[PDB]
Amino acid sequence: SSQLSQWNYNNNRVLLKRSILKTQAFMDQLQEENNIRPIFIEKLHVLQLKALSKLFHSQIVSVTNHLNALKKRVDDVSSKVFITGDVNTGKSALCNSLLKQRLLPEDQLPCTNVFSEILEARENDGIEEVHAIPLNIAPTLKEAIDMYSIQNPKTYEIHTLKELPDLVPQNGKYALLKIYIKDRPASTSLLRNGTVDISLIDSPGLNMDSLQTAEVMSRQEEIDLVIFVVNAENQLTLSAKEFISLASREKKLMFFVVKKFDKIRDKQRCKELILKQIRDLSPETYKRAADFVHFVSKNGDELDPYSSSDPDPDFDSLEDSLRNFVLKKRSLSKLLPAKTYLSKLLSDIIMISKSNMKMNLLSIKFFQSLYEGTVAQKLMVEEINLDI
């Protein structure tokens, strides 16, 4: 019944693009309303709030920018996996496990300073090479990543894969590293499987630089699936929770990979501490913990280690759930972030229109029209069924 999944995905994908449109329209009529007569302002899930009028304008501009990324993600047929977490938690060490090769530098000391995107060579004419995107080709980091084209040499420097160790630390020169690799049967490899185009992004560590952390939180809304690696010894830190909290505004579900669990003495107590924090941070991920919470110890430094077919039940299980989620449940893996965000945002608008109507007439009529309009929309969003 694999064809049924395709139809359901294309039907649900059609439904969400329509909802992002109508909600973007709502976002705009709020912006124009605010400008002529500032709006008057229980916790708002998305909107964080003369001072409120200018901050309001800043908020809508962010939501407008976020809906665009979601619009661009729903349209995109590929799935993007974002491996982030604290510094020195094993983000790069988890990627190597997934590719089954020591591609990305993994070191005791801080290493990854530049975003490392790993793609199949098919996109780069089947050529195994790194494409470094310079910071100086555009004003901001995103503007550079977004102007990158393989067909325009002025947007990237070509290096070899073994050049990676000397490239990833140059976060003052490069904006992103496009790594094109070639895989191994198709039923075993993750990048090339014949059904869904995946690209892994090895994130720089959280809790390192004020600017670097701003980069990660930004990049989060242009990816589809998050694998949050956790240091078993520290659990979920304030730097981690600040990210997850902001990421949970759209990602109801996401993976949690606890690494360095082999170093833990009180393994049970440590496991119960971690699980306690996922229930409070990602309540929906806790309900499906068996699928989304994994304890993987595989690494290349402690006793090519990734090629060995030695039995690794912990990792094998994670890699299975990832395949199942990204490949067999495209409705959940790709579109759930869109449905979740829309439902959160619409609730916010509904609250705003609520406090404004009844208690100039021009605003009373405007907000009643918007309350009845968004309540109706939020009802249609909830009718979208993605658990099929």
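All residue numbers refer to positions in the sequence shown, first residue = 1.
J.: Checking chain continuity here. Are there deposited residues lacking coordinates between residue 359 and residue 360, and if so is it 1 to 3, 4 to 9, or 10 or more (or none)?
T.: Missing in between: 10 or more residues.
J.: Do any residues of the deposited sequence lie unmodelled between residue 183 and residue 184, and which range holds their number: none, 1 to 3, 4 to 9, or 10 or more?
T.: The entry has a short gap there, with 1 to 3 residues left out between residue 183 and residue 184.
J.: Mind pulling up the entry and telling me whether 81-89 or 141-149 has the higher mean Cα temperature factor?
T.: Result of the comparison: 141-149.
J.: Name the higher of the two by mean Cα B-factor in the PDB entry, 173-181 versus 188-196.
T.: Result: 188-196.
J.: Between 235, 113, 213, 268, which one tops the list for C-alpha B-factor in the PDB entry?
T.: 268 has the highest C-alpha B-factor of those listed.
J.: Which is it among 339, 45, 323, 334: the one with the largest CA B-factor in the entry?
T.: Spelled out: the listed residue with the top C-alpha B-factor is 45.
J.: Sort the modelled residues of this chain by their C-alpha B factor and say whether residue 243 lands in the lowest, middle or highest third.
T.: It falls in the bottom third of the chain.
J.: Lowest, middle or highest third: where is residue 250 by Cα B-factor in its chain?
T.: Lowest third - that is where residue 250 ends up once the chain's C-alpha B-factors are sorted.
J.: Select lowest, middle or highest to describe the third in which the CA B-factor of residue 209 falls within its chain in this entry.
T.: CA B-factor rank for residue 209: lowest third.
J.: What third of the chain does residue 117 rank in for C-alpha temperature factor, lowest, middle or highest?
T.: Within its chain, residue 117 is a lowest-third residue by C-alpha B-factor, going by the deposited values.
J.: Test of reading the entry: by CA B factor among the chain's modelled residues, which third contains residue 388?
T.: Highest third of the chain for residue 388's C-alpha B-factor.
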